[PDB]
Each structure stands twice: as structure tokens, then as C-alpha cells.
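Shown below, as C-alpha cells, is a lone chain in the form solved without the partner chain; questions about how it binds or moves come after it.
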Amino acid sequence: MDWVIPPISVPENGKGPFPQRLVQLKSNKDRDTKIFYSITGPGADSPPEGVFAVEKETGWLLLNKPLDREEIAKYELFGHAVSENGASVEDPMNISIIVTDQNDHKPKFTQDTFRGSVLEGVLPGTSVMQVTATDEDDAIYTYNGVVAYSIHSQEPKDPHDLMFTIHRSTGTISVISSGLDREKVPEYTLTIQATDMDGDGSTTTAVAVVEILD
């Protein structure tokens, strides 16, 4: 056979129990003799030692503890298949291990209180300010790092409830109604939220304090 072996992918933060089986290594030369399996590489016999191991006679590749993609995202190991002798019956097997992402991190606003301001006179649709939240998880290939922005509430509610809105992706807060008026209401506190999985995940909260100018 001359197929190139593909990588295996292992989701991070797996549930117990450990150790657990990933895949079974096997040379088909064991229709002939007994075979002894082993592994090498960082993650196995060099730092970080003992993250993976293999059952010498079964060939089972074992993971000994939960992985964290944000700590190490990939491993490069090698499977070795030996006879009673000690002598190779295969060239070593490429064991590329890709740690795939889970939503093990909540999103975080870059500050607890954002300040901005706007002229009472501006047209509906004008930008006021921009808020940011970060999420350590993969936002490129998965939604676990993708933040959706929302306004939870506005104090005060004068002259009404919906003076501002927020762009769900960019975090840019804009004016959406007439009626801003410094003399009447000089300042608003907006309770803002960021939610991962583009809305379907967990939510964290902060405020944006918007000063009205004339």
C-alpha cells in the first residue's frame, strides 16, 4: 500500500475518563509475526512527556489527559512497529494530531466601562463609538471565537427606549432615533453584551456611557 496517512483530529477538552483511546495503530504484517508498537515525538517521549502513549501489544494510541488547543494546537508523533527481534517491519508511521477547537472560553470586553459621545444634532444612522470583546477560541474555522454584540438596556429611557443600536459584528454603536437633547438628557448608560457562537453561546456584560453634546 502507498497511500499517505492523513492526520487525526482530536477535539480539545474531552470528557473523562482518561486514559482513552484515539485510534488503533496496526501493521498488516501481523498476519506473519508478533508485532510491538511504540511512539516518539514531543507529546510522547520528549517534552511535553506523557500526553500520549501506545499499548505495546494492541497498538492502541492513548490520550492521557484532556487537550487544550489554546495551549498546544498540533502534535507531530511517530508510530513504530517492531518484531520480537527489535527490528523495524515498517517505516515509522506519521501521526499528525490536530487539536480541534471547543468553546472553552467566554468572551471578554476589553474594558468594563467604555466612554464615548455624540452631538445631539446628528442624523439617525450616525456612529457614536465602538466597543470590543475578545474570545480566545477559533473564530476562523469555527463560531466558538465569534462574538455577537447586543444592547441589553438603556438608562434613562428618555425620550424613549431605543435611542441607540449596535452593529452585531463590529461593535459600533449608532444613533437610531430623533430627540437627542443634552439639556433634557445629558448622558445615557447602555448595558452592552457580547455573546460567542455568534449569538448562540455565552454572554458577558459591560457598559457604554454616552455623553450627549451640543
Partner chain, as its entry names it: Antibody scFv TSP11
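Numbering follows the first chain given and starts at 1.
A second form of this protein, the form deposited with the partner chain bound, is not displayed here; the remarks below concern that form.
Using a 4.5 angstroms threshold between heavy atoms, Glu57 counts as touching the partner chain in the deposited complex. The closest heavy atom approach of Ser38 to the partner chain in the deposited complex falls within 4.5 Å. In the deposited complex, the partner chain stays beyond 4.5 Å of every heavy atom belonging to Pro159. Contact between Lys65 and the partner chain in the deposited complex is found at the 4.5 Å heavy atom cutoff. With contact defined as any non-hydrogen atom lying within 4.5 angstroms of the partner chain in the deposited complex, the contacting residues in 35 to 50 are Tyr37, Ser38, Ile39, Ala44, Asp45, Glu49, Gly50, given in sequence order.
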